Structures are given as structure tokens and as C-alpha cells.
Amino acid sequence: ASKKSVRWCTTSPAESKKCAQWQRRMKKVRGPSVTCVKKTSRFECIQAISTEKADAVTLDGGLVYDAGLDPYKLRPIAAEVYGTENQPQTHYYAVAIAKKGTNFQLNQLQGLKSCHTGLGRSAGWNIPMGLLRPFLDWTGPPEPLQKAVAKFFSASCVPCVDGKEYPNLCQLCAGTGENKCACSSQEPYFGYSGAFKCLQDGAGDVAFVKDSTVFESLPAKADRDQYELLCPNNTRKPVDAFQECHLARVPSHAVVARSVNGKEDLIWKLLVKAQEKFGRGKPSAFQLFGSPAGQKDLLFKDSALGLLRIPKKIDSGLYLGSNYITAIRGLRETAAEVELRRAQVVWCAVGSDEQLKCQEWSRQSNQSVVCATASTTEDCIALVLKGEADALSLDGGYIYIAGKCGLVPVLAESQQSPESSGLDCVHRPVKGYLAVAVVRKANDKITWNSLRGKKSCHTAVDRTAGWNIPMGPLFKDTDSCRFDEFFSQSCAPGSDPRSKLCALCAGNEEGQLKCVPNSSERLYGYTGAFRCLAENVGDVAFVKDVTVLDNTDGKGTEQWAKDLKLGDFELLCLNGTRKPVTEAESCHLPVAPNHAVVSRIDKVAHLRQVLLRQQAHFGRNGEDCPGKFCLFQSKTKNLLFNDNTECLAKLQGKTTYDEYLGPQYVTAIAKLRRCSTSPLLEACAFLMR
């Protein structure tokens, strides 16, 4: 029955027959135990695996999606690999090409001519018609999508579609006689290359193919320049920019297993060894990837050439991706459900209090804003990645992580600048404080190159300009994460009390907790970091440019911050040189960043207008904030937003995270980030295999 073995699920006697020898050639090389379970559809299999009847089965994207839904909750354990020894691939991008010159965008396709790889195919039919659902005027499932499309496009070529039922969908095809619109290579414009030729010849204005088609059809760059890609943000971009400009991403078929009591490891071990003996390119008379003459793709894809272990963090939604899931949703929901989702905004509250404030703003919003809630900030990003969440305001460290996972900044949290300010904050962009390295002019043997082994003064451990920024481009070159083996002695609150990072710190008026991460530690914060330097302790201090000229000119604190000028201190430029705190715009590390609202490039447009409205009513000058719930007033604890940001300000050029955080900041963080891993980060790095 349920021996110490993986029970694979079969959906046809043939498939069931390959699993027969599959099991036996196994005991012969003492690889793991594999018993088969005869079923009659992957779907039956999904039910089996979920009720311990079986343990594994390999499914395709659409089924991986239904397998992961709330009743079964299976998850992808392994991905098939395609391509070849030199170029292995685990996924590709569905794209939309069109001749350069024409100027329609993705949202302006009504009435044009279309070329499709084939009815039912993924890149040529389901993904682009699922996404363009909002423009179809189609009831839903019962009505033939094919009639909705016949009315959307003037004419097209869709192989496999019914000629005398929907003539204009076969109008542009080129097969002759009884082969026009055929569902095979008999129809010239069939498949990827075919749908593409259909664009080249001029029969259509758009072709729905995948990332590589142009490159396989036009080896000459000169030729390829004549083409453009229609991006999901209604913009056009060159053909080798499919990475940042595609409709969707379709992952390789996957082996699924249950979440709870999945038997994963045992399942992978069986796969690891079987790949080793009967894999691709092995002597074996029986091969995992390959089927007899008639049958095809038994258990696995004949074309497959291996399996990759999928990181545990990834579930069915992360594996599929938001664009893919939306395309699926768009092909099975009602014009109602689709419109509701497209219109409302789901915020991802983090924590209980933040969930509460969100529910509240939900009421006052009249449902314009709705709430999803996670435990960590990372899970919130994951929810927005799989389309279950729409937005979330993040700090720079995470804006980056979301930037590496395909997310883009929507609105920035402009700083209120504390004690009063001025209106028109939606267009007046705050620059964010400049991180800098201040040094005493009474010190000539200490310049930003020659810092190794000097006395350093830090605000605190893991603080934007007090640590993360300097230690970043001051450790990028090397590949060690020993930030303690640099700087003889440093004061960095948040470090081991007895290490060299907590040697020069002060204490609680001397006597109590030393180096402790707070005001309870004299030389702490942009205040103590400047004190640590002012009082000849450290050769350098890392704080904000404003810390110097905002604590000097006999304007500081106690006895130390008196009688000390500004032209008395100095900055530390990456350019090796060094001038006064005045020219800090032309001599500084990077710019600390402001928190920003992050989301999917598809949701940006609609998200921006909804947030500016929420601001007009609940904003700092909102015609309803004092009167009824204030956006920027958290239960004093920075919920959903920072309690002292004036308004959400429009990004003015900066539209990516690279543009936003800045080249210098991305560099410091990057180095830093690869020292302290982010399971979600490696999850995203994997999805780009």
C-alpha cells in the first residue's frame, strides 16, 4: 500500500506502463522506491495526492494553479528544464510584437489585425486574451470567447479556429485549399515562426509570440530594429527588452506535492538518482524523458532534459506569477468580478495594528481601498507578487528587494520636515537626506581611501547613513562580510559589547550599559556619531549632512557642542578629495531614500490616482482628515505610513528602483544584501533561471 516509497500518479495506461518499468529499473540500481497509482486525469491525481492516495504528479501551469487553490493546496516541488546543455531554460516570456512606425499601444488594439500561434496555445491565445479581458466586452465562460474576439479584432489568423463559424479569425491565414487555417504546419502562419511571418508579410499589425521568436527569425540585428514590443504600461521597447517588457511569464511544467506531509525530500531523492541513471543522455534502455513511438510525454515531457529543485519559499502563486494568474482569472470570471478587482486597491497591512488602521481606512474609503494582511513585510511583497495584494509602502532596503522581484515605485512619502511646512507637496519632491562622512580638518592622515584601520564613528548598526551606506561601497570590491576587520576601533551601537565595534563608545553618563542602541548611549545616533567625532574620539563619523550644520556654530547641546564652527569640520568625498559641509551636494556618499508605495507596473496608473484622492480627503490638508480618519496619523507608531510625512509625492523621472534608490545606494545595499540573505530574494533570483 503506502510502503516507504513515493507513490507517483498515472493518468493513462500508457503513462501507467512507463511507471511500471520506472519502478522496477529502480530496485535494480537500489535507487529510491517508486510505486504507481493508476488514475484517469491529472485532476483525479490532484485529488489523490491531496488525500494521501498518492504523493506526486507533474502538472502544467494552468493545473499548477488549480492544484494550489484552497481545497487541495499542493505546491511545485520541481521544475522541468528545457533548451540544451549550453542554454537550459525553465521559463519564457509571452510577448506582443508590432512593426516599428505604427504607434498603437497595448490599450489601443481594438479594430486592428492580429496574428496568433494557434487557438488554445499559451503565448498566442490564453495569455494575451486573458489579460486584454477588460477590453473585450465578453459575458463570461458560457459565451464563446471566440465570438468576443471576432468582434474585437477586424481580422486575424488563428490556426485551429472554425472557418465557417468565425470567418475573420481565419481571414488573414495563408494555407491554401483545405489547409487554410489548418491546425498544423500545413497553415504557413501556424505556430511561433508562423504567427511572426504573419506580421512580417504585413498580414497583421500584432503577433502574439514569445521572447525568442524574432531572434530565431531575424538573426540580423539590422532587421530586428524594424520591430518593437508592446509593454503592459502602454509603451514600446526594442525586441531584446522582453525581460522588462512582456505580457506574462510562463514557467516550466512542475512536479507537485502536498504542503503538509508532502514527502518532498523523499520525492526529490528519487528524482535525483533517477536523473543520474536513466536521465537524458544515458545508456539506459528506459529513460525518464522519452516515450515510445505513438505515445508522447509520458510522466514527463519527452523534450525535457532534467528537473530543478524549487526553493521551499515558492508556492504555486509565486511560481506562476501575477500576470499569468490574471490571464487565467480573466478567462473564467465574470465581467463583474474582473471589473471589481481591476478597480479596487488591496493594501497589504503588516501586523495587527496596521491591519486595524487598514480596515478603518477601508470604511472611510467607501471600499475604494481593501485589506490583505501578512506577518512579515516579506510575505506582503510575496502577496503582491502573486497578485493577492496591490500595494505597500516600504523602506529603501525593501524597495530594492521589490525592485529585484519586478516591482516598481508608485508614490514617494515626501517628508513633512517637522515643525510646520507648505502646501503643494504633491508636486514638490523632497530629495531625502544626503549621507556623508564628516572629518575634522585637524586630521590629515585620514581620507576616504585611507580609512582602513582608522577610528570610525557610527550612528547605529544597520542604519541607512550610519552604517549600511558607508559599509556598503566601503566593502563592495572585496567579497568578505567581516565588517569588523576594518577600522581599528569604532563605536557602533548594536554591536557585541566586548568587540572592536563597541570599544570607543561611551555609556550611560559612564557606568551603565555601553554601546546600547539608544539615547541611553552618549555617542549614539546622528548626535553621538557627531559627538564621537567632535570630541576627538573617531577620525570619521557617518550621519546626515544636516547633522554638522545643525549642531555647530555654538548651536549644539551641552559643553561639547558649543564654540565649534562648521568650516571647522569637513566632509569625505568618494572622489578622494574633501571640502566644507556647504558643497555637500558635490561631495557625499549616496542619498538616503524616502519610503515609497510599491506595486506592479500594471497597477501603477490606477493606484496613483486612487492614492491622490485618498489624500484629498484624508491627507494632511484633507477635506475630511481632522473630521474623519487621517491617513498620515497612525496610532502613533508609523502604521501603513510614516507619522510625519507631509504627503505622497509624484515620482518625477525616477520610475524604477534603480532610478529611485540611486546608483550609489543600490550598490551599498547590493553588497550588503548578499551578505545577509533574503529567502524571498533568492526565490526571485531563481524565477529568473
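All residue numbers here begin at 1 and follow the chain in the order shown.
Technique stated in the header: X-ray crystallography, 2.7 Å.
Note that Cβ sites are derived from N, Cα and C of the backbone, with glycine treated the same way.
For reference, Swiss-Prot has these:
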DISULFID  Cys9-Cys45  disulfide bond
DISULFID  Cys19-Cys36  disulfide bond
REGION    25-32  region 'Interaction with E.coli ompC'
BINDING   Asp60, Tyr92, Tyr192, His253  Fe(3+) 1 binding site
ACT_SITE  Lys73  active site
DISULFID  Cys115-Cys198  disulfide bond
BINDING   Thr117, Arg121, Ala123, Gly124  hydrogencarbonate 1 binding site
DISULFID  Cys157-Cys173  disulfide bond
DISULFID  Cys170-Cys181  disulfide bond
DISULFID  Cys231-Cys245  disulfide bond
ACT_SITE  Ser259  active site, nucleophile
DISULFID  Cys348-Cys380  disulfide bond
BINDING   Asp395, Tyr433, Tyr526, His595  Fe(3+) 2 binding site
DISULFID  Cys405-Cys684  disulfide bond
DISULFID  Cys457-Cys532  disulfide bond
BINDING   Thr459, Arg463, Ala465, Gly466  hydrogencarbonate 2 binding site
DISULFID  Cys481-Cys675  disulfide bond
DISULFID  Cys502-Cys515  disulfide bond
DISULFID  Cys625-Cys630  disulfide bond
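Here the features listed in Swiss-Prot are placed on the structure.
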residue: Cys19; record: disulfide bond; DSSP class: helix
residue: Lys73; record: active site; DSSP class: coil
residue: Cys115; record: disulfide bond; DSSP class: strand
residue: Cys181; record: disulfide bond; DSSP class: coil
residue: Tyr192; record: Fe(3+) 1 binding site; DSSP class: helix
residue: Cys198; record: disulfide bond; DSSP class: helix
residue: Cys245; record: disulfide bond; DSSP class: coil
residue: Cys348; record: disulfide bond; DSSP class: strand
residue: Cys380; record: disulfide bond; DSSP class: helix
residue: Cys625; record: disulfide bond; DSSP class: coil
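A coil conformation is recorded for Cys515 (disulfide bond) in the three-state DSSP classification, outside any helix or strand.
Checked against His253 (Fe(3+) 1 binding site) by C-alpha proximity, the recorded positions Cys45, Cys170, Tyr433, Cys502 yield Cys45 as the nearest. Spatially, by CA atoms, the binding-site residues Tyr92, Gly124, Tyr433, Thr459, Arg463 include one closest to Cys405 (disulfide bond), and that is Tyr92. Neighbours of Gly466 (hydrogencarbonate 2 binding site), defined as other CB atoms within 10 A of its CB across all chains, total 28. For the pair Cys9 (disulfide bond) and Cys36 (disulfide bond), the C-alpha distance works out to 6 angstrom. Recorded residues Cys245 (disulfide bond) and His595 (Fe(3+) 2 binding site) have their alpha carbons 26 Å apart, per Cα-Cα distance. Relative to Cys157 (disulfide bond), the disulfide-bonded residues with Cα atoms inside 10 Å are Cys198, the candidates having been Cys198, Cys481, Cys630, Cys684. Cα-Cα distance from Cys630 (disulfide bond) to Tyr433 (Fe(3+) 2 binding site): 26 Å (rounded to the nearest whole number). Of all the recorded positions in the record (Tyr92, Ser259, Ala465), the one with the smallest CA separation from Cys380 (disulfide bond) is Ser259. In space, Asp60 is the closest of the binding-site residues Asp60, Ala123, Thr459 to the residue listed as 'active site, nucleophile', judged by Cα positions. With respect to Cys481 (disulfide bond), the closest of these binding-site residues in Cα terms is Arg463, chosen from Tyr92, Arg121, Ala123, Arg463, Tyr526. For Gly466 (hydrogencarbonate 2 binding site), the nearest neighbour among the listed recorded positions (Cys198, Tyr433, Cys625), judged by C-alpha distance, is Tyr433. Least crowded of the disulfide-bonded residues (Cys502, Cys515), judged by neighbouring Cβ atoms within 10 Å of its own Cβ: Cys502.
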